[PDB]
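*Asks:* Pasting a structure here, questions to come.
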Amino acid sequence: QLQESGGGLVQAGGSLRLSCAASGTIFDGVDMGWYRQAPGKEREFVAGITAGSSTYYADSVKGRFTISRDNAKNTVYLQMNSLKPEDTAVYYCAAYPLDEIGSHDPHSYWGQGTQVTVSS
Amino acid sequence: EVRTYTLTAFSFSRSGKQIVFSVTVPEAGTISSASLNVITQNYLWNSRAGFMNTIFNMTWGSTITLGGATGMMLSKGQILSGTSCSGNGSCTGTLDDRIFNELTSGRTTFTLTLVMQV
């Protein structure tokens, strides 16, 4: 069961720190990434971290945001700095089981999506 | 006589459980530097692939240096094609069949930059 924590309306230039709650050992050494989605816009990529603790960022959030993960905590963090009004969207956190001794097609499970808003 | 090409007409077929990308080269010459540019919004499930004597592994967005391509003597209409399978070349489940539609319908495109000697 995935879930997010942190976020909420902050003003331009503010900062927020989202945390993803991976419930169980099924998520150890698993590639997980962050995605946003605004009204009228499809789900866009934001940031991701691989099992080898790599860094994959979008372009509109390059240098401003920062992703990481505590492998023992089963928690992925997305530090968002210098927030602009376009960053207002529901921030979903996704993880992807890489053949965790599964059975069916390794699907893509997500969270529910915390809300983030940037005011002028 | 250095000519830089950026090719983005990658067409996709499949052989069994594996995806086959392909792009055409419109001028002959000797490649001095090649790099493949992967743009995507959905996870690629650690798909490994081969292109121009180069092993890469596309997880999300990345721009891979096609190392083994330095020196390839290409010709007019020479088709550069490569194979790609998810899960480090295991093609587990319907993943690659999903990743297929992420290529044919946008959401995942390739960009081929070539530094040739014409």
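As shown in the structure tokens, the chain order sets the letters A, B, ...; within each chain, residues go from 1, and ligands are also counted from 1 in the order they appear.
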Check region 37-104 of chain A with DSSP on the backbone and list each residue it calls strand (DSSP E), as an mmCIF file with N, CA, C and O atoms, in the first residue's frame.
*Replies:*
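Writing done, so here's selection-v5.cif:
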```
data_model
loop_
_atom_site.group_PDB
_atom_site.id
_atom_site.type_symbol
_atom_site.label_atom_id
_atom_site.label_comp_id
_atom_site.auth_asym_id
_atom_site.auth_seq_id
_atom_site.Cartn_x
_atom_site.Cartn_y
_atom_site.Cartn_z
ATOM 1 N N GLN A 37 -0.131 15.959 -11.741
ATOM 2 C CA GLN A 37 -1.273 15.992 -12.653
ATOM 3 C C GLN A 37 -2.199 17.124 -12.240
ATOM 4 O O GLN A 37 -2.756 17.095 -11.138
ATOM 5 N N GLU A 44 2.021 14.051 -15.829
ATOM 6 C CA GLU A 44 3.352 14.348 -16.329
ATOM 7 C C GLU A 44 4.399 13.775 -15.384
ATOM 8 O O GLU A 44 4.161 13.624 -14.182
ATOM 9 N N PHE A 45 5.559 13.447 -15.941
ATOM 10 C CA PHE A 45 6.668 12.978 -15.127
ATOM 11 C C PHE A 45 7.225 14.121 -14.286
ATOM 12 O O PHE A 45 7.167 15.291 -14.673
ATOM 13 N N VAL A 46 7.765 13.776 -13.118
ATOM 14 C CA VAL A 46 8.366 14.779 -12.244
ATOM 15 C C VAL A 46 9.783 14.363 -11.873
ATOM 16 O O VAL A 46 10.753 15.042 -12.228
ATOM 17 N N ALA A 47 9.917 13.249 -11.156
ATOM 18 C CA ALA A 47 11.227 12.790 -10.719
ATOM 19 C C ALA A 47 11.145 11.313 -10.367
ATOM 20 O O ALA A 47 10.077 10.795 -10.032
ATOM 21 N N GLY A 48 12.293 10.644 -10.445
ATOM 22 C CA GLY A 48 12.357 9.224 -10.157
ATOM 23 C C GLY A 48 13.713 8.828 -9.617
ATOM 24 O O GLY A 48 14.724 9.499 -9.852
ATOM 25 N N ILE A 49 13.720 7.719 -8.880
ATOM 26 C CA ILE A 49 14.938 7.138 -8.325
ATOM 27 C C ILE A 49 14.888 5.634 -8.553
ATOM 28 O O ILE A 49 13.866 4.993 -8.286
ATOM 29 N N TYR A 56 16.598 10.592 -11.753
ATOM 30 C CA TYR A 56 15.963 10.878 -13.037
ATOM 31 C C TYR A 56 14.941 11.983 -12.805
ATOM 32 O O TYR A 56 13.882 11.732 -12.220
ATOM 33 N N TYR A 57 15.247 13.197 -13.259
ATOM 34 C CA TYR A 57 14.379 14.350 -13.058
ATOM 35 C C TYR A 57 13.737 14.777 -14.371
ATOM 36 O O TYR A 57 14.228 14.472 -15.461
ATOM 37 N N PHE A 65 13.870 20.893 -7.886
ATOM 38 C CA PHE A 65 13.470 19.772 -7.049
ATOM 39 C C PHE A 65 14.665 18.870 -6.754
ATOM 40 O O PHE A 65 15.753 19.026 -7.313
ATOM 41 N N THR A 66 14.446 17.907 -5.862
ATOM 42 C CA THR A 66 15.490 16.954 -5.492
ATOM 43 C C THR A 66 14.824 15.693 -4.968
ATOM 44 O O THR A 66 14.034 15.759 -4.020
ATOM 45 N N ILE A 67 15.134 14.551 -5.578
ATOM 46 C CA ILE A 67 14.566 13.274 -5.169
ATOM 47 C C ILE A 67 15.640 12.455 -4.469
ATOM 48 O O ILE A 67 16.844 12.631 -4.696
ATOM 49 N N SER A 68 15.189 11.562 -3.599
ATOM 50 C CA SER A 68 16.056 10.679 -2.828
ATOM 51 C C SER A 68 15.174 9.579 -2.252
ATOM 52 O O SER A 68 13.958 9.557 -2.466
ATOM 53 N N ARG A 69 15.796 8.666 -1.511
ATOM 54 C CA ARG A 69 15.055 7.588 -0.876
ATOM 55 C C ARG A 69 15.911 7.011 0.240
ATOM 56 O O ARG A 69 17.132 6.907 0.099
ATOM 57 N N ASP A 70 15.269 6.664 1.352
ATOM 58 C CA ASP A 70 15.906 5.906 2.423
ATOM 59 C C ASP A 70 15.524 4.443 2.229
ATOM 60 O O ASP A 70 14.385 4.050 2.505
ATOM 61 N N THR A 75 10.815 4.613 2.045
ATOM 62 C CA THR A 75 10.261 5.948 1.867
ATOM 63 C C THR A 75 11.078 6.714 0.839
ATOM 64 O O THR A 75 12.305 6.795 0.950
ATOM 65 N N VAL A 76 10.391 7.275 -0.153
ATOM 66 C CA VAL A 76 11.006 8.090 -1.194
ATOM 67 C C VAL A 76 10.615 9.541 -0.953
ATOM 68 O O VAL A 76 9.429 9.851 -0.779
ATOM 69 N N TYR A 77 11.606 10.427 -0.939
ATOM 70 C CA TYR A 77 11.390 11.844 -0.689
ATOM 71 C C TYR A 77 11.576 12.648 -1.968
ATOM 72 O O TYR A 77 12.426 12.321 -2.802
ATOM 73 N N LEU A 78 10.776 13.705 -2.112
ATOM 74 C CA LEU A 78 10.907 14.672 -3.201
ATOM 75 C C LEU A 78 10.936 16.065 -2.580
ATOM 76 O O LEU A 78 9.887 16.624 -2.246
ATOM 77 N N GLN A 79 12.136 16.618 -2.425
ATOM 78 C CA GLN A 79 12.297 17.961 -1.882
ATOM 79 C C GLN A 79 12.047 18.982 -2.986
ATOM 80 O O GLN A 79 12.770 19.009 -3.987
ATOM 81 N N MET A 80 11.029 19.818 -2.807
ATOM 82 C CA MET A 80 10.629 20.796 -3.810
ATOM 83 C C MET A 80 10.986 22.197 -3.328
ATOM 84 O O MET A 80 10.458 22.663 -2.312
ATOM 85 N N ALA A 89 -0.461 20.824 -8.540
ATOM 86 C CA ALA A 89 -1.012 19.591 -9.081
ATOM 87 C C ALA A 89 -1.050 18.562 -7.962
ATOM 88 O O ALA A 89 -0.412 18.733 -6.919
ATOM 89 N N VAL A 90 -1.807 17.494 -8.187
ATOM 90 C CA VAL A 90 -1.790 16.350 -7.282
ATOM 91 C C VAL A 90 -0.514 15.567 -7.558
ATOM 92 O O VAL A 90 -0.278 15.130 -8.689
ATOM 93 N N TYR A 91 0.317 15.401 -6.534
ATOM 94 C CA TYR A 91 1.603 14.721 -6.675
ATOM 95 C C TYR A 91 1.441 13.262 -6.264
ATOM 96 O O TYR A 91 1.373 12.941 -5.075
ATOM 97 N N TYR A 92 1.381 12.379 -7.256
ATOM 98 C CA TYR A 92 1.298 10.950 -7.012
ATOM 99 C C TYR A 92 2.694 10.346 -6.964
ATOM 100 O O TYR A 92 3.625 10.828 -7.615
ATOM 101 N N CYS A 93 2.829 9.279 -6.182
ATOM 102 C CA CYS A 93 4.080 8.548 -6.042
ATOM 103 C C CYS A 93 3.871 7.125 -6.539
ATOM 104 O O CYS A 93 2.960 6.432 -6.075
ATOM 105 N N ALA A 94 4.706 6.696 -7.482
ATOM 106 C CA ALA A 94 4.569 5.397 -8.123
ATOM 107 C C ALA A 94 5.785 4.531 -7.832
ATOM 108 O O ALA A 94 6.911 5.030 -7.759
ATOM 109 N N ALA A 95 5.551 3.231 -7.677
ATOM 110 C CA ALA A 95 6.615 2.249 -7.544
ATOM 111 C C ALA A 95 6.367 1.114 -8.527
ATOM 112 O O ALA A 95 5.247 0.908 -8.998
ATOM 113 N N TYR A 96 7.427 0.375 -8.835
ATOM 114 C CA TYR A 96 7.345 -0.608 -9.909
ATOM 115 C C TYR A 96 8.075 -1.897 -9.548
ATOM 116 O O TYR A 96 9.313 -1.931 -9.556
#
```
*Asks:* Considering only C-alpha atoms, state which residue in the set A:82, A:101, A:71, A:88 is at the smallest distance from residue 15 (chain A).
*Replies:*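 With only C-alpha atoms as the atom set, the closest residue is A:82.
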*Asks:* Dump as JSON lines the rows for residues of chain B within 6 Å of chain A: closest atom pair and distance in Å with one decimal, only C-alpha atoms counted, ordered by chain and rising residue number.
*Replies:*
```
{"residue": "B:41", "atom": "CA", "partner": "A:45", "partner_atom": "CA", "distance": 5.0}
{"residue": "B:93", "atom": "CA", "partner": "A:105", "partner_atom": "CA", "distance": 4.4}
{"residue": "B:94", "atom": "CA", "partner": "A:105", "partner_atom": "CA", "distance": 5.9}
```
*Asks:* I want to know what sits within 12 Å of residue 110 (chain B), based on only C-alpha atoms, with residues of the same chain fewer than 5 positions away left out; could you give that as a short mmCIF file (atom, residue, chain, number, x, y, z; two decimals) with C-alpha atoms, in the first residue's frame?
*Replies:*
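As a result, part18.cif now contains:
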```cif
data_model
loop_
_atom_site.label_atom_id
_atom_site.label_comp_id
_atom_site.auth_asym_id
_atom_site.auth_seq_id
_atom_site.Cartn_x
_atom_site.Cartn_y
_atom_site.Cartn_z
CA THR B 6 18.91 14.39 -35.71
CA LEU B 7 16.65 11.50 -36.76
CA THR B 8 13.29 10.98 -35.05
CA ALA B 9 11.40 8.73 -37.46
CA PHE B 10 11.68 5.60 -35.31
CA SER B 11 9.18 2.95 -36.42
CA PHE B 12 8.46 -0.06 -34.22
CA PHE B 21 12.83 -0.08 -33.30
CA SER B 22 14.09 1.18 -36.64
CA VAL B 23 15.16 4.51 -38.15
CA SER B 35 23.94 9.23 -29.19
CA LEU B 36 20.37 8.03 -28.63
CA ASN B 37 17.99 10.33 -26.75
CA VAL B 38 15.13 8.67 -24.85
CA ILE B 39 12.16 10.86 -23.90
CA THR B 40 9.34 9.28 -21.89
CA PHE B 51 21.62 -0.19 -30.83
CA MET B 58 16.31 2.77 -20.40
CA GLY B 61 14.28 9.56 -19.50
CA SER B 62 17.90 9.35 -20.58
CA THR B 63 20.34 10.28 -23.35
CA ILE B 64 22.68 7.36 -24.02
CA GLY B 82 17.73 -2.57 -32.65
CA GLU B 102 4.23 3.90 -25.36
CA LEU B 103 6.42 4.03 -28.49
CA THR B 104 3.90 3.81 -31.34
#
```
*Asks:* Show which residues sit within 12 Å of residue 2 (chain B), as an mmCIF file with C-alpha atoms, in the first residue's frame. Count only C-alpha atoms, and ignore same-chain residues fewer than 5 positions away.
*Replies:*
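So part.cif came out as:
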```cif
data_model
loop_
_atom_site.group_PDB
_atom_site.id
_atom_site.type_symbol
_atom_site.label_atom_id
_atom_site.label_comp_id
_atom_site.auth_asym_id
_atom_site.auth_seq_id
_atom_site.Cartn_x
_atom_site.Cartn_y
_atom_site.Cartn_z
ATOM 1 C CA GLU B 27 22.952 10.073 -46.181
ATOM 2 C CA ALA B 28 26.058 7.885 -46.273
ATOM 3 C CA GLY B 29 29.267 8.559 -44.387
ATOM 4 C CA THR B 30 31.397 7.526 -41.431
ATOM 5 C CA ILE B 31 29.892 8.186 -38.006
ATOM 6 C CA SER B 32 32.263 10.014 -35.662
ATOM 7 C CA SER B 33 29.844 10.297 -32.714
ATOM 8 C CA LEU B 114 24.913 11.479 -35.644
ATOM 9 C CA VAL B 115 28.213 13.265 -36.301
ATOM 10 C CA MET B 116 29.188 11.915 -39.716
ATOM 11 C CA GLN B 117 31.939 12.474 -42.296
ATOM 12 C CA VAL B 118 30.363 12.969 -45.731
#
```
*Asks:* How many Å separate CA of residue 118 (chain A) from CA of residue 7 (chain A)?
*Replies:*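 Straight-line distance from CA of residue 118 (chain A) to CA of residue 7 (chain A) works out to 10.3 Å.
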*Asks:* Here is a test: counting only C-alpha atoms, which residue of B:112, B:48, B:79, B:85 is nearest to residue 100 (chain B)?
*Replies:*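 Smallest separation from residue 100 (chain B) among the options: B:85.
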*Asks:* Distance CA of residue 14 (chain A)-CA of residue 43 (chain B), one decimal place?
*Replies:*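 Those two atoms sit 29.1 Å apart.
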*Asks:* Enumerate, as JSON, numbers by chain, the complete set of residues in chain A that a backbone-based DSSP assignment places in helix (DSSP H, G or I).
*Replies:* {"A": [25, 26, 27, 85, 86, 87]}
*Asks:* By how many Å are CA of residue 60 (chain B) and CA of residue 25 (chain A) apart?
*Replies:*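 CA of residue 25 (chain A) lies at a distance of 23.3 Å from CA of residue 60 (chain B).
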*Asks:* Go through A:54, A:36, A:24, A:86 one by one, measure the shortest atom-to-atom distance of each to residue 115 (chain A) using only C-alpha atoms, and give the residue with the smallest value.
*Replies:*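 Counting only C-alpha atoms, the residue closest to residue 115 (chain A) is A:36.
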